[PDB]
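*Asks:* Next up is a structure, given as structure tokens.
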Amino acid sequence: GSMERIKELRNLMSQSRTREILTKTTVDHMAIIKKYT
Amino acid sequence: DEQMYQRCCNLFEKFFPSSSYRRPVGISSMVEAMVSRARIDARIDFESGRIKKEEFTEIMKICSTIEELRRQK
């Protein structure tokens with residue numbers, strides 16, 4: 001459960017598009033994006 | 001293919017579900033917030049006996065691997 005989630009993070013961090021997002025989007029920005037979905 | 005982002009969101013919730021009260025730091029990147037929650041959770045679960053040493057070790061090593069991928073390029 002804890003294991004599935006950290007292994008999917010490792011995966012997403014393995015690919016340049018999702019890595020970039022996950023590194024450059026702050027938690028505060030998620031709310032700014034949500035409001036314009 | 002705004003699904004790159006829907007997939008990160010989905011995963012993010014698994015670290016911070018709507019119904020947590022331990023909310024992530026706002027100025028933090030999604031990645032450090034998640035890892036950081038993954039650590040605090042691996043310690044808690046390992047105390048409570050929810051997870052065993054091998055399970056604890058692996059999660060910790062995946063986390064240091066993730067941190068390296070942030071702290072470069």
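Residue names in the structure tokens use chain letters A, B, ... in the order shown, residue numbers from 1 in each chain, and ligand numbers from 1 in the order shown.
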I'd like a table as a Markdown table: residues in chain A with an atom no more than 9 Å from chain B, each row giving the shortest atom pair and its distance in Å to one decimal, only C-alpha atoms counted, sorted by chain and rising residue number.
*Replies:*
```
| residue | atom | partner | partner_atom | distance |
| --- | --- | --- | --- | --- |
| A:2 | CA | B:38 | CA | 7.5 |
| A:3 | CA | B:59 | CA | 6.6 |
| A:5 | CA | B:14 | CA | 6.8 |
| A:6 | CA | B:59 | CA | 6.9 |
| A:7 | CA | B:62 | CA | 7.4 |
| A:8 | CA | B:11 | CA | 7.6 |
| A:9 | CA | B:11 | CA | 7.5 |
| A:10 | CA | B:66 | CA | 6.0 |
| A:12 | CA | B:8 | CA | 7.7 |
| A:13 | CA | B:66 | CA | 7.0 |
| A:14 | CA | B:69 | CA | 8.2 |
| A:17 | CA | B:4 | CA | 7.5 |
| A:18 | CA | B:4 | CA | 6.2 |
| A:19 | CA | B:70 | CA | 8.1 |
| A:21 | CA | B:5 | CA | 7.5 |
| A:22 | CA | B:30 | CA | 5.1 |
| A:23 | CA | B:29 | CA | 5.6 |
| A:24 | CA | B:29 | CA | 6.2 |
| A:25 | CA | B:29 | CA | 5.4 |
| A:26 | CA | B:29 | CA | 3.9 |
| A:27 | CA | B:26 | CA | 4.7 |
| A:28 | CA | B:26 | CA | 4.6 |
| A:29 | CA | B:26 | CA | 8.2 |
| A:30 | CA | B:9 | CA | 8.4 |
```
*Asks:* Please indicate the distance in Å from atom CA of residue B:19 to atom CA of residue B:43, rounded to one decimal place.
*Replies:*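 Value for the atom CA of residue B:19-atom CA of residue B:43 distance: 20.7 Å.
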*Asks:* Taking the backbone alone, and naming residues the way the document does, which bits of chain A are helix (DSSP H, G or I) by DSSP, as a VMD selection string?
*Replies:* chain A and resid 2 to 12 16 to 24 27 to 34
*Asks:* Go ahead and dump the residues you just picked, N, CA, C and O atoms, as an mmCIF file, in the first residue's frame.
*Replies:*
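Saved file result_21.cif follows:
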```cif
data_model
loop_
_atom_site.group_PDB
_atom_site.id
_atom_site.type_symbol
_atom_site.label_atom_id
_atom_site.label_comp_id
_atom_site.auth_asym_id
_atom_site.auth_seq_id
_atom_site.Cartn_x
_atom_site.Cartn_y
_atom_site.Cartn_z
ATOM 1 N N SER A 2 1.779 1.254 0.992
ATOM 2 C CA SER A 2 2.928 2.182 1.126
ATOM 3 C C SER A 2 3.981 1.877 0.086
ATOM 4 O O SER A 2 4.756 2.782 -0.345
ATOM 5 N N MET A 3 4.069 0.586 -0.227
ATOM 6 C CA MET A 3 5.001 0.078 -1.199
ATOM 7 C C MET A 3 4.521 0.400 -2.626
ATOM 8 O O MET A 3 5.316 0.922 -3.426
ATOM 9 N N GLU A 4 3.251 0.125 -2.956
ATOM 10 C CA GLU A 4 2.758 0.500 -4.271
ATOM 11 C C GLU A 4 2.956 1.986 -4.607
ATOM 12 O O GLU A 4 3.353 2.274 -5.718
ATOM 13 N N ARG A 5 2.677 2.884 -3.648
ATOM 14 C CA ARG A 5 2.706 4.341 -3.853
ATOM 15 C C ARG A 5 4.106 4.913 -4.085
ATOM 16 O O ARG A 5 4.283 5.717 -4.953
ATOM 17 N N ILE A 6 5.077 4.493 -3.292
ATOM 18 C CA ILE A 6 6.473 4.901 -3.515
ATOM 19 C C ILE A 6 7.126 4.288 -4.780
ATOM 20 O O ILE A 6 8.062 4.882 -5.364
ATOM 21 N N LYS A 7 6.636 3.123 -5.232
ATOM 22 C CA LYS A 7 7.108 2.542 -6.440
ATOM 23 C C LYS A 7 6.460 3.249 -7.582
ATOM 24 O O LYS A 7 7.067 3.310 -8.636
ATOM 25 N N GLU A 8 5.248 3.791 -7.435
ATOM 26 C CA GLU A 8 4.730 4.526 -8.599
ATOM 27 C C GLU A 8 5.379 5.914 -8.696
ATOM 28 O O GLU A 8 5.446 6.472 -9.771
ATOM 29 N N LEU A 9 5.799 6.474 -7.570
ATOM 30 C CA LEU A 9 6.524 7.751 -7.568
ATOM 31 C C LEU A 9 7.890 7.628 -8.293
ATOM 32 O O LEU A 9 8.181 8.448 -9.164
ATOM 33 N N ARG A 10 8.706 6.657 -7.881
ATOM 34 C CA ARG A 10 9.937 6.223 -8.542
ATOM 35 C C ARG A 10 9.690 6.071 -10.047
ATOM 36 O O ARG A 10 10.482 6.543 -10.863
ATOM 37 N N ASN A 11 8.601 5.415 -10.455
ATOM 38 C CA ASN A 11 8.299 5.377 -11.881
ATOM 39 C C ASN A 11 8.040 6.715 -12.555
ATOM 40 O O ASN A 11 8.483 6.927 -13.679
ATOM 41 N N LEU A 12 7.280 7.583 -11.898
ATOM 42 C CA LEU A 12 6.837 8.808 -12.527
ATOM 43 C C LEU A 12 8.077 9.753 -12.637
ATOM 44 O O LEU A 12 8.180 10.618 -13.552
ATOM 45 N N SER A 16 10.768 12.056 -18.218
ATOM 46 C CA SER A 16 11.168 13.441 -18.069
ATOM 47 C C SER A 16 9.980 14.335 -17.956
ATOM 48 O O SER A 16 10.061 15.358 -17.323
ATOM 49 N N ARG A 17 8.856 13.959 -18.542
ATOM 50 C CA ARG A 17 7.726 14.875 -18.513
ATOM 51 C C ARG A 17 7.109 14.970 -17.130
ATOM 52 O O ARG A 17 6.995 16.087 -16.597
ATOM 53 N N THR A 18 6.744 13.801 -16.568
ATOM 54 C CA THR A 18 6.219 13.696 -15.199
ATOM 55 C C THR A 18 7.244 14.132 -14.098
ATOM 56 O O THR A 18 6.879 14.724 -13.097
ATOM 57 N N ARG A 19 8.524 13.854 -14.293
ATOM 58 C CA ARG A 19 9.595 14.343 -13.375
ATOM 59 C C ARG A 19 9.565 15.881 -13.206
ATOM 60 O O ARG A 19 9.540 16.394 -12.075
ATOM 61 N N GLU A 20 9.545 16.571 -14.343
ATOM 62 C CA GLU A 20 9.498 18.034 -14.514
ATOM 63 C C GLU A 20 8.304 18.643 -13.755
ATOM 64 O O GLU A 20 8.454 19.595 -12.951
ATOM 65 N N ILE A 21 7.120 18.078 -14.002
ATOM 66 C CA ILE A 21 5.893 18.443 -13.279
ATOM 67 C C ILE A 21 6.003 18.343 -11.796
ATOM 68 O O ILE A 21 5.693 19.304 -11.058
ATOM 69 N N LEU A 22 6.365 17.142 -11.352
ATOM 70 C CA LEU A 22 6.440 16.740 -9.949
ATOM 71 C C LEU A 22 7.532 17.539 -9.206
ATOM 72 O O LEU A 22 7.455 17.777 -7.996
ATOM 73 N N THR A 23 8.593 17.879 -9.939
ATOM 74 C CA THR A 23 9.644 18.819 -9.378
ATOM 75 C C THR A 23 9.251 20.298 -9.382
ATOM 76 O O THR A 23 9.527 21.029 -8.431
ATOM 77 N N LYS A 24 8.611 20.782 -10.417
ATOM 78 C CA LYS A 24 8.404 22.235 -10.565
ATOM 79 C C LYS A 24 7.017 22.708 -10.137
ATOM 80 O O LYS A 24 6.817 23.925 -9.952
ATOM 81 N N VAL A 27 2.818 22.373 -4.159
ATOM 82 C CA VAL A 27 1.546 22.128 -3.584
ATOM 83 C C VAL A 27 0.614 23.323 -3.732
ATOM 84 O O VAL A 27 -0.565 23.129 -4.029
ATOM 85 N N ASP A 28 1.101 24.556 -3.542
ATOM 86 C CA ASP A 28 0.242 25.758 -3.723
ATOM 87 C C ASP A 28 -0.342 25.895 -5.134
ATOM 88 O O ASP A 28 -1.419 26.464 -5.315
ATOM 89 N N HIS A 29 0.409 25.437 -6.133
ATOM 90 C CA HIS A 29 0.046 25.584 -7.542
ATOM 91 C C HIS A 29 -1.054 24.610 -7.981
ATOM 92 O O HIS A 29 -1.849 24.913 -8.856
ATOM 93 N N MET A 30 -1.098 23.459 -7.330
ATOM 94 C CA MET A 30 -2.147 22.456 -7.605
ATOM 95 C C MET A 30 -3.544 23.061 -7.509
ATOM 96 O O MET A 30 -4.341 22.841 -8.347
ATOM 97 N N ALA A 31 -3.782 23.892 -6.507
ATOM 98 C CA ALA A 31 -5.030 24.635 -6.329
ATOM 99 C C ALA A 31 -5.303 25.679 -7.413
ATOM 100 O O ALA A 31 -6.471 25.946 -7.757
ATOM 101 N N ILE A 32 -4.231 26.282 -7.957
ATOM 102 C CA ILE A 32 -4.362 27.262 -9.025
ATOM 103 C C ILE A 32 -4.765 26.567 -10.328
ATOM 104 O O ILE A 32 -5.462 27.138 -11.130
ATOM 105 N N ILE A 33 -4.303 25.336 -10.524
ATOM 106 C CA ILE A 33 -4.559 24.526 -11.713
ATOM 107 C C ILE A 33 -5.994 23.927 -11.660
ATOM 108 O O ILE A 33 -6.703 23.910 -12.670
ATOM 109 N N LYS A 34 -6.364 23.412 -10.488
ATOM 110 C CA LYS A 34 -7.664 22.860 -10.212
ATOM 111 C C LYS A 34 -8.785 23.843 -10.569
ATOM 112 O O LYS A 34 -9.758 23.458 -11.232
#
```
